[PDB]
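Asker: Just dropping this structure here.
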Protein chains: 2
Amino acid sequence: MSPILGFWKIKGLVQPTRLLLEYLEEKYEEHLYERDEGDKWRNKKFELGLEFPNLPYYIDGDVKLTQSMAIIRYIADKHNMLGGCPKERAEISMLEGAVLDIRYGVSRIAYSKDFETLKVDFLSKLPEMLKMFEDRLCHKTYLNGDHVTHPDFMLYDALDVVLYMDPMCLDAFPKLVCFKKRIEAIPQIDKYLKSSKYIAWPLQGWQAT
Amino acid sequence: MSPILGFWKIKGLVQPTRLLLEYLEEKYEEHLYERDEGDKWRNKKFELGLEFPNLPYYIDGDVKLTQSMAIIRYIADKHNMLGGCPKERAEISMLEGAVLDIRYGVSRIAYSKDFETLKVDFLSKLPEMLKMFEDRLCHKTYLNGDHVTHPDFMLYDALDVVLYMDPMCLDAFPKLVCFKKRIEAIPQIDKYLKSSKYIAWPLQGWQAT
Ligand SMILES: CCCCCCCCSC[C@H](NC(=O)CC[C@H](N)C(=O)O)C(=O)NCC(=O)O
C-alpha cells in the first residue's frame, strides 16, 4: 500500500520530509489542506487512528504517526540512514537539533507580531550558528560526510528560508552558499523543485508576519 | 572515565536527562553554571571540543555532544531503551515530540516579555495535548506500557512545571496526576528528589514570569 503523509499546503515542518522521500525516490501520495479547510481537518482529526492527533501525520500499513520528526526519523530509519551505532546515532541527533534552532529561530517570531524589531536580535546570533556549518562542510561533502543523511535537507531548508529574510546573509559562508547548490544538484531534488508539486510560498502559516 | 553533563543551575532541558541517568543508577558528575557565570561559559564555550557549542553538553570518552535530545537519546540508546525496530523506534519519537509540545509551550512566551499577554493562548490547546496522554496512560503503566522509556521522565517534568503555573490544571486528568506519583514512586528516583543533588527551583529558569 502507498503511504500517506499529510499536512497543510505550506512548507512548515513537512518540506524536509518531502525531500527525504523525494531523494529516496520513494512512492507516496500527498493529502493537503488549504488555509480555510481547517474544518475538514478538525473533522478527521480523530477519525484516522492516530494516537496523537496532530499535523503533519504519516500513515503506511504498520504505523500511523504524528510528530514531524518521528515521521522523518522513520522514513530515513527505514533505509538505514540513521547510523547503526550510538555515537554516530547521537551525531545526527546533534545535527538535527541544531538545524532546528536556526529553523525555529524564524518560526517563533515569524508569528510573534512586530517582526521587524525582533528579527535583528535574532539575525545577530544566526552567525555563531550558520558559522559552525561553514566549518563543518569545510572538508565534508554533506553534513555527515560522503553520503546524504536527513538533516542534510532540514538545513538545506533552513537556508532556503533565510535567503528570504536577508538574501545576503549567506555570502561569508561560501561552503554553505555552495552547499545549497550541491543539493539542488541532486537530480531527484531537481525533478522536484521544477515540478508541479513543489509548494513555493509560504514558509510559515498564512498568518505569520 | 566518568562522563560530564553540563548545564546552567536550573532544570531547563537537562532535568529529564538527569533522571534518565539517575534511573539507570549511572555514575556521572555535574558541571553547572550560575545566573552570573555567563562569562566562564562564553569562556570555555569553544575550548571543550564540541562541534556545535551550546548548553547543555555531554562528554564521555567517545562523544562530545551538544543538543539536549541528542544527549538523552544517547544515554538511553546506550542501554537499548530506544527500541530495536523501526515502528517501536518512531513510537518513542512520537511520544518525544509530544512531551516537548507541552514544555515548548512555556518557553517562547516566558522569553517574550510580560507572559500574561501570551499565557493561556496556548493554555488553550494544552488540553487535547494533556488529554491524549490521559488516554495513552489508560491501559498502560508507563507511556510505553510495561517498561519505563525516556519520554516518560520527559513527561514527568513537563507535568511537574505545569503544576507550578496553576496547580489545579492536572485534575480532570487523574490518570496523569496519578502518573507522576507512579514515577517518583521509583526507588532510585525517590533517592534523588529528597537529596542534595536535586535542584529545587526555578524549574524553568531565572527569567520566568
Ligand atoms: C510547538 C509550537 C510550534 C507552533 C507552530 C507550528 C507551525 C506549523 S503548522 C501545524 C500546527 N502543529 C504542529 O506543527 C505540531 C507541532 C509538533 N511539534 C510537530 O513537530 O509536528 C497546527 O496548527 N496543527 C493543527 C492543530 O492540531 O491545531
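By convention in this document, the chains of the C-alpha cells carry letters A, B, ... by their order, each chain's residues are numbered from 1, and ligands are numbered from 1 in the order they are shown.
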Using only C-alpha atoms and all ligand atoms, which residues of chain A come within 7 Å of ligand 1, and what is the closest atom pair for each, with the distance in Å to one decimal? Give it as a Markdown table, sorted by chain and residue number.
Answerer:
| residue | atom | partner | partner_atom_place_in_ligand_line | distance |
| --- | --- | --- | --- | --- |
| A:12 | CA | ligand 1 | 8 (C) | 5.3 |
| A:13 | CA | ligand 1 | 8 (C) | 6.3 |
| A:53 | CA | ligand 1 | 27 (O) | 6.7 |
| A:54 | CA | ligand 1 | 27 (O) | 4.5 |
| A:55 | CA | ligand 1 | 24 (N) | 4.7 |
| A:56 | CA | ligand 1 | 21 (O) | 5.7 |
| A:66 | CA | ligand 1 | 21 (O) | 6.5 |
| A:67 | CA | ligand 1 | 21 (O) | 4.0 |
| A:68 | CA | ligand 1 | 21 (O) | 4.0 |
| A:69 | CA | ligand 1 | 20 (O) | 6.2 |
| A:107 | CA | ligand 1 | 5 (C) | 6.7 |
| A:204 | CA | ligand 1 | 7 (C) | 6.6 |
| A:205 | CA | ligand 1 | 9 (S) | 6.3 |
Asker: Restrict the calculation to only C-alpha atoms, then for each residue of segment 68-164 of chain B with any atom at most 12 Å from an atom of segment 193-202 of chain B give the closest atom pair and their distance in Å to one decimal, rows by chain and rising residue number, as JSON lines.
Answerer:
{"residue": "B:160", "atom": "CA", "partner": "B:201", "partner_atom": "CA", "distance": 11.2}
{"residue": "B:161", "atom": "CA", "partner": "B:202", "partner_atom": "CA", "distance": 9.3}
{"residue": "B:164", "atom": "CA", "partner": "B:202", "partner_atom": "CA", "distance": 10.0}
Asker: Find the residues around residue 49 of chain A up to 10 Å (only C-alpha atoms counted), leave out those fewer than 3 positions away in its own chain, and share them as an mmCIF file with N, CA and C atoms, in the first residue's frame.
Answerer:
data_model
loop_
_atom_site.group_PDB
_atom_site.id
_atom_site.type_symbol
_atom_site.label_atom_id
_atom_site.label_comp_id
_atom_site.auth_asym_id
_atom_site.auth_seq_id
_atom_site.Cartn_x
_atom_site.Cartn_y
_atom_site.Cartn_z
ATOM 1 N N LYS A 44 -11.640 15.042 10.505
ATOM 2 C CA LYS A 44 -10.979 13.747 10.593
ATOM 3 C C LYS A 44 -9.915 13.672 11.680
ATOM 4 N N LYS A 45 -9.588 14.803 12.302
ATOM 5 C CA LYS A 45 -8.531 14.814 13.318
ATOM 6 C C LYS A 45 -8.515 13.559 14.190
ATOM 7 N N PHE A 46 -9.695 13.051 14.538
ATOM 8 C CA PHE A 46 -9.781 11.871 15.389
ATOM 9 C C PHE A 46 -10.461 10.688 14.707
ATOM 10 N N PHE A 52 -1.834 10.323 18.686
ATOM 11 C CA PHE A 52 -1.721 11.739 18.998
ATOM 12 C C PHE A 52 -2.063 12.626 17.817
ATOM 13 N N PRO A 53 -3.353 12.933 17.641
ATOM 14 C CA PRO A 53 -3.837 13.769 16.546
ATOM 15 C C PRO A 53 -3.092 15.077 16.409
ATOM 16 N N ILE A 59 1.020 7.886 7.494
ATOM 17 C CA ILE A 59 0.335 6.602 7.555
ATOM 18 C C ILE A 59 0.716 5.692 6.408
ATOM 19 N N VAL A 63 2.568 1.681 10.753
ATOM 20 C CA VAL A 63 2.303 2.782 11.651
ATOM 21 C C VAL A 63 1.399 3.901 11.176
ATOM 22 N N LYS A 64 1.015 4.712 12.146
ATOM 23 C CA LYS A 64 0.181 5.870 11.919
ATOM 24 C C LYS A 64 0.800 6.892 12.860
ATOM 25 N N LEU A 65 1.672 7.722 12.306
ATOM 26 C CA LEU A 65 2.395 8.679 13.116
ATOM 27 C C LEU A 65 2.044 10.144 12.996
#
Asker: Let me make sure I understand: among A:50, A:85, A:90, A:159, which one has the smallest atom-to-atom distance to chain B if we use only C-alpha atoms?
Answerer: A:90
Asker: Residues of chain B within 6 Å of chain A, counting only C-alpha atoms, what are they? List them as a PDB file with C-alpha atoms, in the first residue's frame.
Answerer:
ATOM      1  CA  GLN B  67      21.754  19.387  21.641  1.00  0.00           C
ATOM      2  CA  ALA B  70      20.812  14.115  21.129  1.00  0.00           C
ATOM      3  CA  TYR B  74      22.344   8.824  23.615  1.00  0.00           C
ATOM      4  CA  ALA B  90       9.318   6.024  15.816  1.00  0.00           C
ATOM      5  CA  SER B  93       9.948   9.577  18.760  1.00  0.00           C
ATOM      6  CA  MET B  94       6.220  10.220  18.596  1.00  0.00           C
ATOM      7  CA  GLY B  97       7.795  15.227  20.211  1.00  0.00           C
TER       8      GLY B  97
END
Asker: For residue 104 of chain B, which residue among B:154, B:171, B:178, B:166 is the nearest when counting only C-alpha atoms?
Answerer: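 Between B:154, B:171, B:178, B:166, the residue approaching residue 104 of chain B most closely is B:154.
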Asker: Rank nothing, just name the residue among A:189, A:99, A:208, A:143 nearest to residue 22 of chain A, using only C-alpha atoms.
Answerer: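 Closest residue, counting only C-alpha atoms: A:189.
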Asker: If you run DSSP on the backbone here, which positions in segment 46-187 of chain A get helix (DSSP H, G or I)? Please write them as a count of residues only.
Answerer: 80
Asker: Which residues are near residue 8 of chain B? Cut-off 7 Å, only C-alpha atoms, ignore same chain within fewer than 5 positions. Put them as a list in words.
Answerer: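 Near neighbours after the sequence-gap exclusion: residues 32, 33 and 34 of chain B.
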Asker: Just the number, please: distance in Å from atom CA of residue 139 of chain A to atom CA of residue 172 of chain A, one decimal.
Answerer: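 Atom CA of residue 172 of chain A lies 16.7 Å from atom CA of residue 139 of chain A.
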Asker: Pick out the residues sitting within 9 Å of residue 182 of chain B, and hand them over as a VMD selection string; count only C-alpha atoms, and ignore anything fewer than 4 positions along from it in its own chain.
Answerer: chain B and resid 141 to 142 178 186
Asker: For a test of reading the model, state the distance in Å between atom CA of residue 20 of chain B and atom CA of residue 39 of chain B, rounded to one decimal.
Answerer: 29.2 Å
Asker: Give me the residues within 10 Å of residue 4 of chain B as a list in words, counting only C-alpha atoms and dropping any in the same chain fewer than 5 places off.
Answerer: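 Here the qualifying residues turn out to be residues 27, 28, 29, 30, 31, 57, 58, 59, 60, 61 and 64 of chain B.
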